[PDB]
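The chain below stands alone and is given in structure tokens; this is the form deposited in one PDB entry.
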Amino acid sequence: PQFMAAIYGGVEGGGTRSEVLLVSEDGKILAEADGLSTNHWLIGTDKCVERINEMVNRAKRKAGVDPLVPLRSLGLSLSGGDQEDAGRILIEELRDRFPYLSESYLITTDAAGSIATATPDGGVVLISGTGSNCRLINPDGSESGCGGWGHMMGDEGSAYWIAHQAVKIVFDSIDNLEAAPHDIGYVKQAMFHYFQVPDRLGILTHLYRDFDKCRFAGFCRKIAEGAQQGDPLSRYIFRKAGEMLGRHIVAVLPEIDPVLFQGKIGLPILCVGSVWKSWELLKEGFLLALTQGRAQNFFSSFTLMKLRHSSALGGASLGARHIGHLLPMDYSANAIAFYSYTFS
């Protein structure tokens, strides 16, 4: 069942990296492939177009799709996929340049694809990878958000933000502009080690002409490691990151349909992105923000969920709906709880 039936593609295009899934008409994953970054705010639409085609074609060959056979549809769940202009252009260019790629296209957000992987009934996603974003889709389809503004205007509680906070705390400390809350020794040495430079002036080229958000944000690993090994400053930065992520939830709480709080699980919060691997370092800060953030109202508990498949699966489902097809989904298999908290 490869050549007789429609094939539905999804691309998850948030953060360090993209992933394609190809799925059969009946919901069976036929192929997966990794791809490069597809954030148009950072790389422009032209490179996005090239990268999407290249990675989808690798997946097509894995699946054994015959040459020059288009996908039925392709759901692109991309960072910045809500921008009207960028979306129009991405699709025009894909069609013009690569006419055998797919018969139809849907452009949507990374966050939409994530929610759609886990539920058809509305939910909350909280992304923390190289960037951060909090998005709600209510059962009625009304939407709300906090954050998602990128490194130039937010990304609080992301790997970029953790990395930036560490470097900034070190710079200000050494400048005598502001005293660090804890000793900077471990973080300063880790900075010189990670960037392979001997001083602050050497760091600058990695902020300016040689800047790459993935390369800079990767410093967050050294902060996670320091925290794991008990460095006060590193623990503090992760606690503050946890707090910022919690504040994103607190921000959107007033717009959440009360039905979403009901049930044994309480409010489910879908947690997407690499920073959640360090949950234990975020936990104290996260709970401080939630307990401190929630007003006589709403919720007795919440449960943090993670995806068991790529958000590209949700993107495939959305892409199929876009042309009238219900892609079969096993929502129970697609996500699982990793933490639950009851306030009392």
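Whichever C-alpha set is largest while still superposing within 1.5 Å between the two forms counts as the rigid core. Position 1 is the first residue in the sequence shown; the rest follow in order.
From this point on, the text means the form deposited in another entry, which you will not see here.
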| Which residue moves between the shown form and the other one, judged by a Cα shift of 2 Å or more on the rigid core: 307, 36, 287, 304? | 36
| query | After a core superposition, would you say residue 144 shifts its C-alpha by at least 2 Å between the shown form and the other one? | reply | no
| request: Align both forms on the core first, then report whether residue 134 has a C-alpha shift of 2 Å or more between the shown form and the other one. | output: no
| request: Establish whether a shift of 2 Å or more occurs at the C-alpha of residue 171 between the shown form and the other one, with the two forms superposed on the rigid core. | output: no
| said: Comparing against this form, do residue 81 and residue 148 have their CA atoms pulled together or pushed apart in the other entry? The difference is 3 Å or more. | reply: closer
| query | What happens to the Cα distance from residue 81 to residue 278 in the other entry: does it get closer or farther than here, with a change of 3 angstroms or more? | reply | closer
